[PDB]
4 protein chains.
Amino acid sequence: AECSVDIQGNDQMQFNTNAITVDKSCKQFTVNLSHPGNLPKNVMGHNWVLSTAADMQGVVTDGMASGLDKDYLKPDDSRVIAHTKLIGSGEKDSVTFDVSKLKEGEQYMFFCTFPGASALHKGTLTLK
Amino acid sequence: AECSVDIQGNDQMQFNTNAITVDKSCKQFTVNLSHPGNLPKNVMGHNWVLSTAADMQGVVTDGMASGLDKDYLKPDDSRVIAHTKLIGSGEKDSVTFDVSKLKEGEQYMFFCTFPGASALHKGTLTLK
Amino acid sequence: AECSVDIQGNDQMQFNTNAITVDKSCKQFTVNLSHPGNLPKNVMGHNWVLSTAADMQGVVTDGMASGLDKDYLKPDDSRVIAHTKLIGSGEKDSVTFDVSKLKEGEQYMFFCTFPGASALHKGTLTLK
Amino acid sequence: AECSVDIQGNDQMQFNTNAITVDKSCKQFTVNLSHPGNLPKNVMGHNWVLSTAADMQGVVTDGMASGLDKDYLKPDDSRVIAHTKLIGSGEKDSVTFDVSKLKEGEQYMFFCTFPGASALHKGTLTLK
Ligand SMILES: [Cu+2]
Ligand SMILES: [Cu+2]
Ligand SMILES: [Cu+2]
Ligand SMILES: [Cu+2]
Ligand SMILES: [Cu+2]
Ligand SMILES: [Cu+2]
Ligand SMILES: [Cu+2]
Ligand SMILES: [Cu+2]
C-alpha cells in the first residue's frame, strides 16, 4: 500500500482533497503539502494539522489565537498528532508520522489553522 | 441566508464536497446535482440521497439491491428524506425539500446508492 | 440580583464554569446552556443537570445506562432538581427552576450525563 | 460439525440473528462479531455477551451502569461466560470459549450491554 499523499493549498483557502485514507499496514505515513498559489505566507498561509475530531476546534481556536510567528499553533499542544509547517506560495513541506499514533475506531480530522479558514477547509482521515 | 447548494459527482465516484450546511432560517433547501464526468449513468451514475445517519446503512443496502431500474432506491423507502434522481454524464437534477423535515439534535447524512460507492462517497448535512 | 447564568459546553467535554451561585432573593433561576463546538449531539452531547451532591452519582450512572434516546436521563428520576435537554453543536437550551427547591445547608452539584464525562465535568451550585 | 458463527450488529441497535446453535461435539466455539454500520462505538457500540438466562438481567444492569471505558461490563463479572469487546463501525472482534462451560439442561442467552439496547437485542444460544 502507498503510505504517502500529495495535498495542495491554493489562494482560495482550499485543500484539493477532503478525505485521506491511511492503510493500517503503513508503519509511517507522509503528507506532502504544497502551495501552488501566488500569495505569500502572511496573507495566505497553509498548514496541514492532524488531531482527533474532538480536539480539532481547540487546536484551531488556540492556534489562530497564537499568531503568525507561532505558525498559528499553540506551543506544546499535545492535541496535535502531526502537522506541517505553515507555507506560502511556491513552498512545500512534508510531515511523516507514525501510524501507531492512530487508533481503530477513533475519528480524526485534518485541517489548516491560518485565520479566515472556512468550515470546509478540513477533511477526514480514516484508517483502511 | 442562502438556501441552496451545487453538488458535482465525477468519474472517480466522488462528490466534490462532504459537508453541506443548511441555514436554520431556510424554509426550503435545494440541492443542484450535476455530473460533469464523461461516463454514462449505467457505469458512473450518481444520486444525492438524504437520511438520518442511522438510516444510511439500510437505505444504501436496500437501494443498491433494487437495481438500475429503480434508481437504486428501495420503493417506498420512508427513511429517504429527500433525493435526486440517478444521473449520468451531462445530466443535472435538483431536489427541494422542506427544512421542517430536519430536527435539531439529529444527525443527517447525504450519500450515493450507485453500486461500488466507497465508504467515503457521502457527507454530513448539518443545520446551522 | 441577577437570576441567570450563561454556560457553554465544548468539543472537549467541558463546561466553561465549575461553580454557579444562586442568590437567595431569586424566586426563579435560569441556566442558559449553549454548545459552541463543531461536534453533533450523538458524539458530543451536553446537558446541564442539577441534583444534590449525594444523588449525583446515581443520576449519572442510571442516566448513562438509559441511552441517547432518553437524553441519558433515567425517566421519572425524582433526584433531578432541574435539567436542560441534551444539545449538540450549534444548539442552545435554557432551563428555569424554582429557587425554593434549594435548601440552605445542602450541597448541590451540576453536571453532564453524556457518557465519557470526566470526574471534572461537573461543578458546585451554592446559595448566596 | 462447524464450531463458529458470524454475527453482525447494525446501525439500528440489532443483531442479524436471535438464535445460535452450538454442536455438542464442538470442543471450542467461536463467535465472529462485525459492525457493518456507519456509526461509531460511542453512539452505536455492539458487544456479544454470553451468560445463563437468569444472569442476563444482572449482567445488563451492572454492565450498562459500568460505563464506556469498561466496555459496559462490570469488572470481574463471574456471570459472563464469554464476550467480545465493544466494537463500532468497521470493527470486528472474535471470541473463542470452551464448550465445557455449557451444561445440558441449562438455558443460555447472548446479548449486548450498550445503553439503549431494546428487550429484543438478544438471542438464545443452544447446545445441539
Ligand atoms: Cu505498502
Ligand atoms: Cu490553509
Ligand atoms: Cu435567507
Ligand atoms: Cu455517486
Ligand atoms: Cu435581583
Ligand atoms: Cu457534557
Ligand atoms: Cu466438527
Ligand atoms: Cu448491540
# chains A, B, ... in the order shown; residues from 1 in each chain; ligands from 1
$ residues_near_ligand --ligand "ligand 1" --cutoff "7 Å" --atoms "only C-alpha atoms and all ligand atoms" --output "list in words"
residues 1, 2, 3, 25 and 26 of chain A
$ write_last_selection --atoms "N, CA, C and O atoms" --output "PDB file, in the first residue's frame"
ATOM      1  N   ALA A   1       0.822  -1.205   0.000  1.00  0.00           N
ATOM      2  CA  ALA A   1       0.000   0.000   0.000  1.00  0.00           C
ATOM      3  C   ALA A   1       0.862   1.263   0.000  1.00  0.00           C
ATOM      4  O   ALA A   1       1.913   1.315   0.636  1.00  0.00           O
ATOM      5  N   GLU A   2       0.415   2.273  -0.734  1.00  0.00           N
ATOM      6  CA  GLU A   2       1.053   3.582  -0.669  1.00  0.00           C
ATOM      7  C   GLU A   2       0.916   4.162   0.729  1.00  0.00           C
ATOM      8  O   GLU A   2      -0.123   4.017   1.377  1.00  0.00           O
ATOM      9  N   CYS A   3       1.973   4.826   1.199  1.00  0.00           N
ATOM     10  CA  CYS A   3       1.979   5.366   2.555  1.00  0.00           C
ATOM     11  C   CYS A   3       2.272   6.863   2.546  1.00  0.00           C
ATOM     12  O   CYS A   3       2.861   7.398   3.493  1.00  0.00           O
ATOM     13  N   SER A  25      -1.340  -1.107   7.307  1.00  0.00           N
ATOM     14  CA  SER A  25      -0.034  -1.738   7.147  1.00  0.00           C
ATOM     15  C   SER A  25       1.093  -0.715   7.094  1.00  0.00           C
ATOM     16  O   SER A  25       2.259  -1.088   7.265  1.00  0.00           O
ATOM     17  N   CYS A  26       0.780   0.554   6.842  1.00  0.00           N
ATOM     18  CA  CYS A  26       1.818   1.577   6.829  1.00  0.00           C
ATOM     19  C   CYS A  26       2.346   1.791   8.240  1.00  0.00           C
ATOM     20  O   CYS A  26       1.574   2.052   9.169  1.00  0.00           O
TER      21      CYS A  26
END
$ residues_around --residues "residue 60 of chain D" --least-positions-apart "2" --cutoff "8 Å" --atoms "only C-alpha atoms" --output "list in words"
residues 56, 57, 58, 62, 63, 64, 73, 112 and 113 of chain D
$ write_last_selection --atoms "N, CA, C and O atoms" --output "tab-separated table (two decimals), in the first residue's frame"
chain	number	residue	atom	x	y	z
D	56	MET	N	-28.68	-12.89	32.85
D	56	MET	CA	-28.67	-11.82	31.85
D	56	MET	C	-29.06	-10.48	32.46
D	56	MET	O	-28.39	-9.47	32.23
D	57	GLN	N	-30.15	-10.45	33.25
D	57	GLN	CA	-30.63	-9.20	33.84
D	57	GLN	C	-29.53	-8.51	34.65
D	57	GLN	O	-29.29	-7.31	34.48
D	58	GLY	N	-28.85	-9.26	35.52
D	58	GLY	CA	-27.80	-8.66	36.34
D	58	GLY	C	-26.62	-8.16	35.52
D	58	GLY	O	-26.11	-7.07	35.77
D	62	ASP	N	-25.78	-4.24	35.63
D	62	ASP	CA	-24.47	-3.85	36.14
D	62	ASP	C	-23.55	-3.39	35.01
D	62	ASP	O	-22.72	-2.51	35.21
D	63	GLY	N	-23.68	-3.99	33.82
D	63	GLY	CA	-22.82	-3.64	32.71
D	63	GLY	C	-23.09	-2.25	32.17
D	63	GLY	O	-22.18	-1.41	32.12
D	64	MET	N	-24.34	-2.00	31.77
D	64	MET	CA	-24.73	-0.68	31.29
D	64	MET	C	-24.35	0.42	32.28
D	64	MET	O	-24.02	1.53	31.86
D	73	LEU	N	-19.39	-3.46	31.00
D	73	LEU	CA	-19.38	-4.73	31.69
D	73	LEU	C	-18.82	-4.46	33.08
D	73	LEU	O	-17.83	-3.73	33.22
D	112	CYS	N	-26.29	-7.72	24.29
D	112	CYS	CA	-25.43	-6.57	24.12
D	112	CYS	C	-25.71	-5.63	25.28
D	112	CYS	O	-26.87	-5.46	25.66
D	113	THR	N	-24.67	-5.03	25.85
D	113	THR	CA	-24.83	-4.21	27.04
D	113	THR	C	-24.66	-2.72	26.76
D	113	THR	O	-24.58	-1.92	27.70
$ interface_residues --of "chain C" --to "chain B" --cutoff "9 Å" --atoms "only C-alpha atoms" --output "PyMOL selection string"
chain C and resi 40-42+45+86-91
$ residues_near_ligand --ligand "ligand 4" --cutoff "12 Å" --atoms "only C-alpha atoms and all ligand atoms" --output "ChimeraX atom specification"
/B:7-17,33-35,37,39,41-49,60,64,71-72,84-89,110-123
$ write_last_selection --atoms "N, CA and C atoms" --output "compact mmCIF listing (two decimals), in the first residue's frame"
# COMPACT_ATOMS: atom_id res chain seq x y z
N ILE B 7 -23.81 20.59 -6.11
CA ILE B 7 -23.00 19.39 -5.88
C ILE B 7 -22.66 18.78 -7.22
N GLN B 8 -21.41 18.37 -7.40
CA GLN B 8 -20.97 17.68 -8.60
C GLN B 8 -20.50 16.29 -8.22
N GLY B 9 -20.89 15.30 -9.03
CA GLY B 9 -20.31 13.96 -8.98
C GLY B 9 -19.41 13.77 -10.18
N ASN B 10 -18.31 13.03 -10.00
CA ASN B 10 -17.28 12.93 -11.03
C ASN B 10 -17.06 11.47 -11.44
N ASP B 11 -16.14 11.28 -12.39
CA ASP B 11 -15.85 9.96 -12.95
C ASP B 11 -14.99 9.10 -12.05
N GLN B 12 -14.63 9.59 -10.86
CA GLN B 12 -13.96 8.77 -9.85
C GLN B 12 -14.89 8.41 -8.69
N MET B 13 -16.21 8.40 -8.94
CA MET B 13 -17.22 8.01 -7.95
C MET B 13 -17.16 8.87 -6.69
N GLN B 14 -16.91 10.17 -6.87
CA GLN B 14 -16.86 11.10 -5.75
C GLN B 14 -17.78 12.29 -5.97
N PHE B 15 -18.23 12.86 -4.86
CA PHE B 15 -18.80 14.19 -4.77
C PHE B 15 -17.67 15.21 -4.60
N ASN B 16 -17.95 16.45 -4.95
CA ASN B 16 -16.93 17.48 -4.74
C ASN B 16 -16.94 18.04 -3.32
N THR B 17 -17.88 17.64 -2.47
CA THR B 17 -17.92 18.05 -1.07
C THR B 17 -18.37 16.88 -0.20
N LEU B 33 -27.66 18.87 -8.20
CA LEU B 33 -26.66 17.86 -8.53
C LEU B 33 -26.33 17.92 -10.02
N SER B 34 -25.05 17.90 -10.34
CA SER B 34 -24.64 17.82 -11.73
C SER B 34 -23.57 16.75 -11.89
N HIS B 35 -23.41 16.26 -13.12
CA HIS B 35 -22.45 15.21 -13.46
C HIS B 35 -21.56 15.72 -14.60
N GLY B 37 -18.73 14.52 -15.44
CA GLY B 37 -17.93 13.43 -15.97
C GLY B 37 -18.30 13.11 -17.41
N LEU B 39 -18.75 9.62 -18.14
CA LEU B 39 -19.24 8.27 -18.15
C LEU B 39 -20.75 8.23 -17.99
N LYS B 41 -24.69 6.84 -17.18
CA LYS B 41 -25.38 6.52 -15.93
C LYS B 41 -25.19 5.06 -15.53
N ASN B 42 -25.08 4.15 -16.50
CA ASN B 42 -25.00 2.75 -16.12
C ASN B 42 -23.62 2.32 -15.67
N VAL B 43 -22.60 3.18 -15.74
CA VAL B 43 -21.30 2.82 -15.20
C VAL B 43 -20.83 3.82 -14.14
N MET B 44 -21.32 5.06 -14.20
CA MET B 44 -20.93 6.08 -13.23
C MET B 44 -22.14 6.94 -12.85
N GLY B 45 -23.25 6.29 -12.53
CA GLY B 45 -24.41 7.00 -12.03
C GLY B 45 -24.14 7.61 -10.65
N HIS B 46 -24.64 8.83 -10.46
CA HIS B 46 -24.62 9.49 -9.16
C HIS B 46 -26.03 9.90 -8.80
N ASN B 47 -26.41 9.69 -7.54
CA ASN B 47 -27.57 10.34 -6.98
C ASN B 47 -27.18 11.02 -5.67
N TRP B 48 -28.04 11.92 -5.22
CA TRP B 48 -27.90 12.60 -3.94
C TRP B 48 -29.11 12.21 -3.10
N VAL B 49 -28.86 11.51 -1.99
CA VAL B 49 -29.90 10.90 -1.16
C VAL B 49 -29.66 11.33 0.28
N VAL B 60 -28.72 2.45 1.94
CA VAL B 60 -27.70 2.05 0.98
C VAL B 60 -27.83 0.56 0.64
N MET B 64 -28.96 -0.21 -3.31
CA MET B 64 -28.06 -0.94 -4.21
C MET B 64 -28.65 -2.26 -4.67
N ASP B 71 -33.56 3.25 -9.79
CA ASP B 71 -32.64 4.31 -9.37
C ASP B 71 -31.92 3.94 -8.09
N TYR B 72 -31.76 2.63 -7.86
CA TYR B 72 -31.01 2.10 -6.72
C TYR B 72 -31.55 2.64 -5.40
N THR B 84 -32.33 13.26 -5.21
CA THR B 84 -32.36 13.49 -6.65
C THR B 84 -32.48 12.15 -7.37
N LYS B 85 -32.77 12.22 -8.66
CA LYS B 85 -32.71 11.00 -9.45
C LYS B 85 -31.25 10.64 -9.71
N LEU B 86 -31.05 9.44 -10.24
CA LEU B 86 -29.72 9.00 -10.64
C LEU B 86 -29.37 9.61 -12.00
N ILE B 87 -28.20 10.23 -12.09
CA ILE B 87 -27.81 10.93 -13.31
C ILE B 87 -26.48 10.42 -13.84
N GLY B 88 -26.30 10.54 -15.16
CA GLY B 88 -25.05 10.26 -15.82
C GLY B 88 -24.41 11.51 -16.40
N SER B 89 -23.30 11.30 -17.10
CA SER B 89 -22.56 12.38 -17.76
C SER B 89 -23.50 13.36 -18.45
N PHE B 110 -25.85 12.75 3.66
CA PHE B 110 -26.14 12.57 2.25
C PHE B 110 -25.16 11.56 1.66
N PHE B 111 -25.61 10.82 0.65
CA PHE B 111 -24.81 9.72 0.11
C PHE B 111 -25.34 9.35 -1.27
N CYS B 112 -24.68 8.38 -1.90
CA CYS B 112 -24.97 7.90 -3.24
C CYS B 112 -25.18 6.40 -3.16
N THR B 113 -26.18 5.87 -3.88
CA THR B 113 -26.53 4.46 -3.76
C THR B 113 -26.15 3.64 -4.99
N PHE B 114 -25.43 4.24 -5.93
CA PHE B 114 -24.96 3.51 -7.11
C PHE B 114 -23.91 2.48 -6.71
N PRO B 115 -24.03 1.23 -7.15
CA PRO B 115 -23.15 0.17 -6.66
C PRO B 115 -21.68 0.48 -6.89
N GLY B 116 -20.86 0.16 -5.88
CA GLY B 116 -19.44 0.42 -5.93
C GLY B 116 -19.00 1.64 -5.16
N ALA B 117 -19.95 2.42 -4.63
CA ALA B 117 -19.62 3.59 -3.82
C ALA B 117 -18.71 3.20 -2.67
N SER B 118 -17.60 3.92 -2.52
CA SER B 118 -16.75 3.67 -1.38
C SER B 118 -17.44 4.15 -0.10
N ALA B 119 -16.81 3.85 1.04
CA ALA B 119 -17.30 4.35 2.32
C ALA B 119 -17.18 5.87 2.43
N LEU B 120 -16.33 6.49 1.61
CA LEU B 120 -16.14 7.93 1.65
C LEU B 120 -17.06 8.69 0.70
N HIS B 121 -17.87 8.00 -0.10
CA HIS B 121 -18.79 8.64 -1.04
C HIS B 121 -20.09 9.07 -0.34
N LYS B 122 -19.96 10.08 0.52
CA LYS B 122 -21.03 10.51 1.40
C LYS B 122 -20.58 11.79 2.09
N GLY B 123 -21.49 12.41 2.83
CA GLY B 123 -21.15 13.60 3.59
C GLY B 123 -22.18 13.90 4.67
$ select_by_dssp --residues "chain A" --states "helix (DSSP H, G or I)" --output "PyMOL selection string"
chain A and resi 41-44+56-66+68-70+99-101
$ atom_distance --atom1 "atom CA of residue 101 of chain C" --atom2 "atom CA of residue 81 of chain C"
7.3 Å
